[PDB]
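Residue numbers (the entry's author numbering), protein chains in the order written: chain I, 427 to 633; chain A, 219 to 736; chain B, 219 to 736.
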Amino acid sequence: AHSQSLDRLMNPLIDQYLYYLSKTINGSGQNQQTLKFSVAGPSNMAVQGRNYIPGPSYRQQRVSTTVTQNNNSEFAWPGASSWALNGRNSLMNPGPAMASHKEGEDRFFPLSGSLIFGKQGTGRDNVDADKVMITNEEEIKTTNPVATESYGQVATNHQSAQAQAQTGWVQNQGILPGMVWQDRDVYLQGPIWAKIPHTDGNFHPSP
Amino acid sequence: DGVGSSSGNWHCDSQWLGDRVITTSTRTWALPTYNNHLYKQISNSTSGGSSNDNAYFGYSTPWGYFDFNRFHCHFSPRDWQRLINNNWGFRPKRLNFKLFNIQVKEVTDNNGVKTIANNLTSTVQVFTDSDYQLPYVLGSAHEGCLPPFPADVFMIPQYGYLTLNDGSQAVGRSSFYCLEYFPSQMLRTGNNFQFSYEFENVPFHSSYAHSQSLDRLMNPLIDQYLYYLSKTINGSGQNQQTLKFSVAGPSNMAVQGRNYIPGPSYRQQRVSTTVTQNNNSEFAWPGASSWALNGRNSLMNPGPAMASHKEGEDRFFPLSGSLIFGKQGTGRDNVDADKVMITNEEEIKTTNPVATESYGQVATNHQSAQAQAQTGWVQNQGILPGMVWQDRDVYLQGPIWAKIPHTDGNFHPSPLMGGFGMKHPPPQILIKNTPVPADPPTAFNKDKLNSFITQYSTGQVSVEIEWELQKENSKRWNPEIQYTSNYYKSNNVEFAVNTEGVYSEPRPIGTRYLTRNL
Amino acid sequence: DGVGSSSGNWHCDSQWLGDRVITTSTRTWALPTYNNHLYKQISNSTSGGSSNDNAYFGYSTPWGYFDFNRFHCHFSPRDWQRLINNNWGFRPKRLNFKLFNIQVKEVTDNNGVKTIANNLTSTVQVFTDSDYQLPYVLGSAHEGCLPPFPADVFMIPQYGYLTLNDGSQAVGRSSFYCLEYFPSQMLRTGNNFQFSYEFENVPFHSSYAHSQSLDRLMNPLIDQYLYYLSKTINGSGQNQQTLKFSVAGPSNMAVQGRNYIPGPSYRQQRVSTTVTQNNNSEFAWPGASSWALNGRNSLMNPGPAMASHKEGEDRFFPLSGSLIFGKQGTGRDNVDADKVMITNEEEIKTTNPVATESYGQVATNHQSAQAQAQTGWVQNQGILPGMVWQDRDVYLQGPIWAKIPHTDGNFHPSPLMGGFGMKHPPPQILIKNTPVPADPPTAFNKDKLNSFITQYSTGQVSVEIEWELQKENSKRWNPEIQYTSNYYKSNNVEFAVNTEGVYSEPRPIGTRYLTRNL
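Dropping the structure here:
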């Protein structure tokens, strides 16, 4: 695992010599506008600049092992992230390696984004949640985004005196130069290798 | 050796060979005593920290470190001008570091009067972490660098690191590093320290612009042998439908086919340096592009390198997508826009999309006799095979390198802020002056000694780097753009000292003037 | 050599080879002046001592000594975890000691203000007692050890010894040792001391538990070909007597015959950590197992290594038979049970009898038609040929070795507290800073000079030990138990520094996790 996260790479004692835009509003009231800048420092992290960013994400639906917290409906197939190839919708099982849950919340797991193993003598079909073995990916929380959460947020429009700044959600983010991620973990029950299909190109051909 | 013999000479010169530069520097440093020889478990809960995005947990150490990795440390404004005007690219090769002429001083403060005396037997202990077994602070661009002007004496910054946390609490994977637990070299006055380092192969930083854009790669005289769909409508009126095709040619460019496409984009909010053109509201945090990691929203500072503005409009800049430098004597907080130095990224307009604009446009739906063709906007585009981009530019004030985090995979590990990413960057040099305790009590006591002598040390550092150059081969006819000092008279000289003795850099100096063909 | 050249570098690392470990450590020490350069004949009559069991007589010396023989001195919590999880046994091989970077300071206290100045000509004198001609203090587990955390500065403890006495008076066989009467090495700043030592062959400490107990050594599927007396009674009623025999087998174990028996036992009193389950009275001294020597009752602390409790009952522990450690900042006297760290011996339940229970039961009398068979309890059992036991376990906080007293005979001279018993342990290093007298009077005087300069010294110690390892060969299928840091979040990190800079070890760490077959 990693003993420090990706968004804390920094000396907590020292300031940065780079600024950010702290205040866009002079004060309350009309025609109050100014650009104030501030040194990014230990007091306000998460606004500092940094050389690297977390790995790519393809969002999964969140479903809780606690029964009542889930919705009452069939969202299994309909509400699931898929990828279509030649008119066929292939449900997206284990996709980009992503933290299964955030912080200390283990109640939920990604719909299709986790490995599920059966226990000994487990039935074939309609097995209860206790007889399956659900795998926990949380070791990668440092370098990888959570599977059930948006990668980030982007501005939709140009602001102006008339137009307010509006930002939309990034559900999937393919790559950016400067991204850093980790691969999905290895188990006793999991496969040792795979075959990289013979093709013109592939990116990071780790299964 | 001895007290009365100097440990080393001052060597500040820089020698320009044909393909290679060697820049030596020498400074005077002063090292205080940090944390009273303690490790204090710093966390947000110590002071404030009421926001989860600002939560942190870590340790502060008595040790201190040398950060020389800004460019102004190793280059004078003239050696930088000579560099960027005559050369297409560069990169470091070797590094050599020296500590010498160490002096350790005792301070006694009594009745408010204080006498600084010299301790000849005291030591200072310094080690380089070669195996990268410690949290690497340097690549984060924090203050504490060797001053840009060789006559300044600088304090050595305190070392400290952060580890995992849940809020302010420590998670079981948190690590604690005792720096005393490493082999170090203990130096008295008359001892000197040195080590050498060889940079691993890094691609040349490209200091050039492009003399032609990415969407004009073509012979303007000649047509293409490939067609496009020019006309989907026979004429006005009902049931008028046809597919007409046309040769893509000089008359209608931007519809031609082409082998390559611009680099990826993550949109930034646009904000104008003119005050009234901006909106009246607080959009700074709310309207800013961020990336969330483990429930924390990390605002996205310098992201994919992207043109800051379009065409001849300099009024605006991306909210978080540009580097901002302070001028000399600039305040800490709520600084006006005139005292900050905003950096201009427009040199990459050719290969890169504008930071504040959409990458493009995509069709939303299938058209039909009933359904009209509808297209949505692409705010972010990750990559496509066939994309081409350039990295963010290098400055005098900006960082030289960074450390590529050790991980299963990374794509194009060039630092988003700038410089040369390296798996094994030049190691951290940590320095501490060893504790000398005050008089112990006579009767033995189990407890550790918390009373020490107030003390500090002083010396000189020499840092020489060997750089590899890529010379301009250009066959261009007309003259290049170069970096100049404007001739008009002024009260002061740029990149020169003030009347009070203050050294100030007037403007940030990019690396990209010379041009090459795209 | 000289004042301005360092005597030695700081070397704290530890290198893990296959069969061997080498753990280097380096600390900073401070040595005061003890007893005003005097030998003061300490005895109980100086203060209190109204009980004959507490009677003592001895001498206190100005000298001081290095005690490094706890385990936490030489091992970090990570190097200990790496040790005990991967290895069955270990033992020391070589030892190497160094003193370097010595500094001697003069203190002048006038008008309450005090100035600490450096004496370049002063000496400190240090010798190792190689021939064991001095009373050996180290093996008694007294405080004064090298701190567990490398960043602490520690005081050197005062040396002193005890001799024979009758009450507080001195018996004619009492010995007096003048420490000045030994050859020593005098060191100024610029001198360094070192010596090497080779541990004599000691059996590997066994760091393992047993995967099967002593009373189950058997094939559970198969019968024994040996019989026992199953039935002494024909049936109920008068004159019903017969001898019936039965094959000892899986149906009735604990009646089978077996080749070996558990180790010896000396019973301890049982006391519960739950308050109300203990009796209401003072049983601490009165109800405690002791051993009397020459009219003195010496309470029996850590005696034969014995399982502290039985089965899944942890509520209770033996009165004096367990090691008790204090937590960080624990008071001296009348400390509550939560601040002490009580050690758990249950790993030896297989080969050893429970400390609080009888070894067994024996017949008291001969039965007959008139006399019933009567059996008494065995409280203590010395030895029997065919017994098998194990030694008490090793910890981070516990002593590494001891000195086997020189005597005609000893049985299994492994220290009752723990560690490696040795006839010739690593020698004592005694250190003293030589007296510098104040100005003598002009006229000659017969008397010795009682006026000296207040003075102390400082330096660094390096202690490296070479350890020999016994690797796990286990063919076990299922996974072992290991030592882990529990993952759950907490305000602090275990075995890490506090917010005030205090280093604290949360829990005692035994050596026995891996298992072997009995």
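Positions of the beta carbon are idealized from the N, C-alpha and C atoms, including for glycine.
I'd like the list of long-range same chain contacts for residue i, defined as Cβ closer than 8 Å, with 5 residues on each side in sequence excluded.
i: residue 741 of chain A; result: In this structure chain A extends from 219 to 736, so residue 741 of chain A is not present and cannot be described.
i: I:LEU461; result: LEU447, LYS449, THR450
In terms of alpha-carbon separation, which member of the options lies closest to residue i?
i: A:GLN442; options: A:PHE422, A:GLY475, A:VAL389, A:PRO421; result: A:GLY475
i: B:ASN254; options: B:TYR445, B:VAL473, B:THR652, B:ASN314; result: B:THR652
i: B:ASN272; options: B:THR569, B:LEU602, B:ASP551, B:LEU511; result: B:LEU511
i: A:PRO368; options: A:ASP556, A:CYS291, A:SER414; result: A:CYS291
i: A:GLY276; options: A:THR339, A:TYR377, A:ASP285; result: A:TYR377
i: B:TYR252; options: A:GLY513, A:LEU614, A:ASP657, A:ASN716; result: A:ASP657
i: A:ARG485; options: A:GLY453, A:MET518, A:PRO468; result: A:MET518
i: A:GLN495; options: I:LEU444, I:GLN459, I:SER431, I:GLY455; result: I:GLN459
i: A:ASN691; options: A:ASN304, A:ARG725, A:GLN673, A:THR244; result: A:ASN304
i: A:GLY467; options: A:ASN457, A:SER483, A:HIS584, A:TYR445; result: A:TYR445
i: B:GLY604; options: B:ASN477, B:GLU698, B:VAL239; result: B:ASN477
i: A:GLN673; options: A:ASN704, A:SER278, A:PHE318, A:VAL322; result: A:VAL322
Can you pull the chain B residues whose beta carbon is under 7 Å from the beta carbon of residue i, in chain order?
i: A:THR407; result: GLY222
Could you list which residues in chain B have their beta carbon closer than 8 Å to that of residue i, in chain order?
i: A:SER348; result: Simply none; closest approach about 12 Å.
i: A:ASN663; result: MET373
Please go through the same chain and pick out, in chain order, the residues whose beta-carbon is closer than 7 Å to the beta-carbon of residue i, but skip the five residues on each side of it.
i: I:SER540; result: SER526, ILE560, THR561, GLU563
i: A:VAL580; result: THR593, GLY594, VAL596
i: B:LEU602; result: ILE479
i: B:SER490; result: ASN496, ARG533, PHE534
i: B:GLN688; result: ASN305, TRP306, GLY307, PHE308, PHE422
What does residue i touch in chain A if you count any residue whose Cβ is under 9 Å from its own?
i: B:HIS428; result: Under the 9 Å cutoff, chain A gives no residues; its nearest Cβ is about 30 Å from B:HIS428.
i: B:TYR706; result: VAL389, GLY390
i: I:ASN497; result: Within 9 Å Cβ-Cβ: nothing; I:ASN497 doesn't reach chain A, min ~22 Å.
i: B:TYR252; result: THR660, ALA661, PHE662
What residues of chain A sit near residue i, judged by a beta carbon separation below 8 Å?
i: I:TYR445; result: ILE542, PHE543, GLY544, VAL553, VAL558
i: I:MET436; result: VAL355, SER358, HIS360, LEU380
i: B:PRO617; result: The contacting residues do not exist; B:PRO617 stays about 16 Å from chain A at best.
i: I:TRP607; result: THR625, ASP626, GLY627, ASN628
Name, please, each residue of chain A whose Cβ falls closer than 7 Å to the Cβ of residue i.
i: B:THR717; result: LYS258, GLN259
i: residue 791 of chain B; result: Outside the displayed span of chain B (219 to 736) sits residue 791 of chain B, for which this structure offers no information.
i: B:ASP370; result: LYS666
i: residue 679 of chain I; result: Nothing can be reported for residue 679 of chain I: it is not among the residues displayed for chain I, which extend from 427 to 633.
Below 6 Å CB to CB, which residues in the same chain sit around residue i once its five sequence neighbours on both sides are set aside?
i: B:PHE413; result: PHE315, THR346
i: A:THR729; result: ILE302, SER425, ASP611, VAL612
i: A:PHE543; result: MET559, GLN615, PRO726
i: I:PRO617; result: none
Let's test the definition: count the other Cβ atoms within 10 Å of the Cβ of residue i and tell me whether it reaches 16, buried, or not, exposed.
i: A:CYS363; result: buried
i: I:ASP433; result: buried
i: B:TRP306; result: buried
i: A:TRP247; result: buried
i: B:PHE670; result: exposed
What does residue i reach in chain I if we use C-beta pairs closer than 7 Å?
i: residue 759 of chain A; result: Only positions 219 to 736 of chain A appear in this structure, which leaves residue 759 of chain A out of reach.
i: A:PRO520; result: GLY475
i: A:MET635; result: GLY475, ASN477
Inter-stretch contact at 8 Å, needing at least 3 Cβ pairs: the stretch 306 to 313 of chain B / the stretch 665 to 683 of chain B
yes
How about the stretch 619 to 632 of chain I and the stretch 496 to 508 of chain A: do they share at least three Cβ pairs that are nearer than 8 Å?
no
Should the stretch 381 to 397 of chain A be called in touch with the stretch 703 to 711 of chain B, which here means at least 3 C-beta pairs below 8 Å?
yes
May I ask you to verify whether the stretch 626 to 639 of chain A touches the stretch 231 to 250 of chain A, counting CB pairs closer than 8 Å and requiring at least 3?
no
Touching by the beta-carbon criterion (3+ pairs, under 8 Å), the stretch 372 to 388 of chain A and the stretch 257 to 268 of chain A
yes
Segment contact, 8 Å Cβ cut-off, at least three pairs: the stretch 404 to 424 of chain B with the stretch 337 to 353 of chain B
yes
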